[PDB]
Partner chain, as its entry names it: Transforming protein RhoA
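Below sits a lone chain in structure tokens, taken as the form deposited without its partner chain.
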């Protein structure tokens, strides 16, 4: 608890002590965290409300969730399903979840893969560099019990590490203050 709601209470970029939206001149960047929550509001807005999945714990993770957390990264990456058929999904890395979004019906959906984790609740995620792919990346949920990781194929050989680094970017600053290990957000 950082006296910053549940959505803003992560040192990643939000404190009642430091980190941008502390209470200083940098606190003016909070509205742009609202704006950051606002492309996320948009990305909350196109996203199908009930086209959800069962993430790390097996919960129903939905649109309402995304709403609240921080837009920290966004980019499209392919997803190898059980059949090995790729969907270039709009992956949104948020300070609280790592969510994939399949473009359906002039909007998105949770790219639900009906087995893997198409929305990896942040903090203490496991991110690995696939051996059987040059541009691939596993965004995994092993931190709990059993993940059944999903195949995140980056747009470039580098981009996979470019994405890897981002959990190594976000979660490393999440862990910094907060606890370690959170299921279902």
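Residue numbers count along the first chain shown, from 1.
This next part talks about the form deposited with its partner chain bound, which is not shown.
With a 4.5 Å cutoff on heavy atoms, residue 50 does not count as touching its partner chain in the entry with it bound; it lies far away.
Of the heavy atoms in residue 35, none are within 4.5 Å of its partner chain in the entry with it bound.
Remark: residue 125 does not count among the residues lining its partner chain in the entry with it bound, judged by a heavy atom distance of 4.5 Å or less. With a 4.5 Å cutoff on heavy atoms, residue 140 counts as touching its partner chain in the entry with it bound. This chain is displayed alone, yet in the entry with it bound one of 42, 148, 158, 64 has a heavy atom within 4.5 Å of its partner chain; that residue is 148.
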